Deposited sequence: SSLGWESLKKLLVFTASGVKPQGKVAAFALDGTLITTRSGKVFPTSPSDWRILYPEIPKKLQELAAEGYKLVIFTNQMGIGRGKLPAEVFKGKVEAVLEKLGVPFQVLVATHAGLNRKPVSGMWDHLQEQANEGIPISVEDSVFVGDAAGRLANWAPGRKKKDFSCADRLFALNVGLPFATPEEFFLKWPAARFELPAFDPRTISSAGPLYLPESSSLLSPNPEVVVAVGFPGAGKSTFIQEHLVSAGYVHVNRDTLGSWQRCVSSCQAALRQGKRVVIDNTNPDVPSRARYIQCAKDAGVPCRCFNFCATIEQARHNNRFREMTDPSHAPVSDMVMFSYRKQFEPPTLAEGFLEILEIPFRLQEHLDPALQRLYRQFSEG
């Protein structure tokens, strides 16, 4: 007599019989948190390969339930979106697990990358806004428990490997939920050492100068060549389109083509911006030569975004911009291996630094931007 499964775009929801909406929630990851493999292998041999992680679990869940916490699961299962794990098989496993746990659960399943994939808060928002009958949930009185907690190697005998991910801790961080690992929570073990990602999205503002030094000017009244340098996905093209192309700069993009073109623009009295990655000295030298040959100045706009800032931005645009071209990790690390910072010795008249800043986004999108989006 359960409401049962609901299948949405990039989300599955199960509401067991006996589920009641509540103003506080005790939520859990599934794999590595409530269950683990019965086979003792790192990854399951089959849908049947599971057991309850610790015998202490059902008792704790009963206690929570009697105290009025709505019991919830937030589980990433991208295998489903990748077509590696049938949704209909996974639904059966969840129902079996829920039988064994023996308490009413509401389960949310993130089948794909994006807004619903922990650590992004899409599943919380769905629970609160769509699946709790409109009862506001107090985050401070709630709790999320999960094994992707960013723990270092060896936090326990036989744990010679760090957590595969920090997605569960960061999910709780994004939502504002108190957090605990399965061992801390069910076993009362002392807190384990953990790391957070070096780039913290909450510390990214729209303040500060557009470029440095501020005494410089973005535009030149005369012909010139501007060489843009920085990670793909960092927002260079957007910056270039907005500030130079809109001012009549000619947009060169070597991929779609390079020198003769740059030269042709200069003879016409035009100014040119080379909107590419241009990670190293040989890459850039083509354009400096062109400028030198034409006798026009060559400047570099050096975009400060780190690799993690660029990857964060890429993920954000993947979630919010229908026209965004996804930058692959292959391209990111390839750029990083090639990268040599620009210097004046290369033949640049000057180098402007373009600090990485928050774009001009609506309130909701700014809130999304400050969320960690990868474990």
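- Missing from the model, relative to the deposited sequence, are the stretches 258-262, 365.
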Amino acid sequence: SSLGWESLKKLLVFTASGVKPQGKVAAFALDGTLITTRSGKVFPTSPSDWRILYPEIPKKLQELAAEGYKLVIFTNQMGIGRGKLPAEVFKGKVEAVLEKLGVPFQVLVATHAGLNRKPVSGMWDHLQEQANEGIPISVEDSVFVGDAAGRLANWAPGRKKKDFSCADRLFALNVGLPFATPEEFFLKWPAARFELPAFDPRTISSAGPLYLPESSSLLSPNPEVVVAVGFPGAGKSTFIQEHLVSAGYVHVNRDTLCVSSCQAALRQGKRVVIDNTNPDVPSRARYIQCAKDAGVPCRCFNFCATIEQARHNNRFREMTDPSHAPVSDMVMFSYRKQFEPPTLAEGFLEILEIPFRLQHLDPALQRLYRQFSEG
From here on, numbers count along this sequence of modelled residues.
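- For the cut-off of one third of the other compared entries, residue 9 stays well clear, since all of them model it along with its flanks.
- Across the other entries compared, at least a third leave residue 360 without coordinates even though the residues on each side are present.
- The stretch with the higher mean CA B factor, choosing between 225-233 and 174-182, is 225-233.
- Taking the mean C-alpha B-factor of each stretch as recorded, 151-159 and 76-84 are not equal, and the higher mean is that of 151-159.
- Sorting 50, 69, 43, 316 by the CA temperature factor given in the entry leaves 43 at the top.
- Per the PDB record, 258 has a higher Cα B-factor than any other of 258, 198, 107, 291.
- Among the modelled residues of its chain, residue 142 has a C-alpha B-factor that falls in the lowest third according to the deposited record.
- Split the chain's modelled residues into thirds by C-alpha temperature factor. Residue 324 is in the middle one.
- Sorting the modelled residues of the chain by their CA temperature factor places residue 206 in the highest third.
- Split the chain's modelled residues into thirds by C-alpha temperature factor. Residue 2 is in the highest one.
- The PDB entry assigns residue 275 a C-alpha temperature factor belonging to the highest third of its chain's modelled residues.
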